[PDB]
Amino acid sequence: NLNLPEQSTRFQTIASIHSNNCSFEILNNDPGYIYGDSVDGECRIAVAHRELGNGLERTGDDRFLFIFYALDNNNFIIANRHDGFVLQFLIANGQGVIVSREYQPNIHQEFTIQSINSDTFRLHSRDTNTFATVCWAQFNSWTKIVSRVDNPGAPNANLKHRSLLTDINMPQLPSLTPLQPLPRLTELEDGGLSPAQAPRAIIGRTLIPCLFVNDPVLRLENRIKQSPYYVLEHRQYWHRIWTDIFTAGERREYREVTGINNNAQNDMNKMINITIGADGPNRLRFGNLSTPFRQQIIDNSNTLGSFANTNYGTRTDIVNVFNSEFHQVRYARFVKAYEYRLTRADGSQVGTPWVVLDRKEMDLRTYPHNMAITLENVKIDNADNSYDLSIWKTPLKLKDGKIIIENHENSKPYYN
């Protein structure tokens, strides 16, 4: 069940309803370029780089094919299939024109659709109150696309789609699956599921427009053709941090490294202009490129907005554990992992997934069953930041199969 307008899930041509054969066409022209068919005046001479033409439509020519990326504010970014540049309103020489530019974004790249009736619409420019149409109503002539205010005698701004491309390599979204409880251990030699073997739950997934995905292999002109959307998956799994056999009354010390490394955060930011905020493993910080889509990304990925000024980092805790059972016992200790994975439309992975180990949510598996180890002491060895310096209140019994989540009753600041 995809909650998108039909303009966002296909490519379409854009034409005046008053043109027999002509549609909006991406040009790579310079100022001074002459539109041969045009009557003399402002419509004959190009005044900007990459104006749009009113060109004879060729079936399956990418210069005429546009996709409408839906923003949270009900406006659209309109990208072409030839080079992935977007439409932009621009004033040059006091003439309002439509050009194509790289996604910035800016308010002049945002367009409203106004439907007049079932098959007729207008393209409205945000904040200028102008509508896209053909220069001086030359609907069957080679000339530029302008954006002008409604006046009596202004060129009719009623548009239609002339042709569609529906075979566009839309991704197939994976099904949501719940996080399964870890299996019980079967003997003393059973270390439990390693991180590579642990099943992933798919908690959420969202489409990401290709415009701001810095795919290291596919340039924009190829992304718009083969992967106009990418898929961001929000996955969870139980991440084993250690396992050992303890004799009766055995004590041990472990270094527990949790969170997410600064290099992984920088990679995520470069790739999709999103990082994980320090306020939680499911809390997203958006940059200028991703911000206009933030509520769709949150709603579909089942994440939350971050309120933090700082990125989630790493923390090293030194834990002292004591086997107070009068038995030889296999203990396996797990924290909850949040795994963010980016795929192309063809399902290929773009890089290494971004993983946050959440120290605040933990589970244990034992053999024999229903055993308990005691967390006697926790010390912060180091942290990348001072956002969260809470530790477990000790002593704390960790029992086979019991999930423990940090709250104000079971934790305290490190110096207390």
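Throughout, we count residues from 1 along the sequence that is shown.
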Given 154-162 and 279-287, the range whose Cα B-factors average higher in the PDB entry: 154-162
Entry-level comparison of average CA B-factors, 259-267 and 191-199, reporting the higher stretch: 191-199
Specify which of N214, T130, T314, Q226 carries the largest Cα B factor in the deposited PDB entry. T130
Just the C-alpha B-factor column, please: which of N93, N222, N300, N323 has the biggest number? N93
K360: CA B-factor among chain residues, third -> lowest
Of the three thirds of its chain by CA temperature factor, lowest, middle or highest, which one includes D388? middle
For the chain shown, is the CA B-factor of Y237 in the lowest, middle or highest third of its modelled residues? lowest
Among the chain's modelled residues, which third holds the C-alpha B-factor of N140? highest
Among the chain's modelled residues, which third holds the C-alpha B-factor of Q180? highest
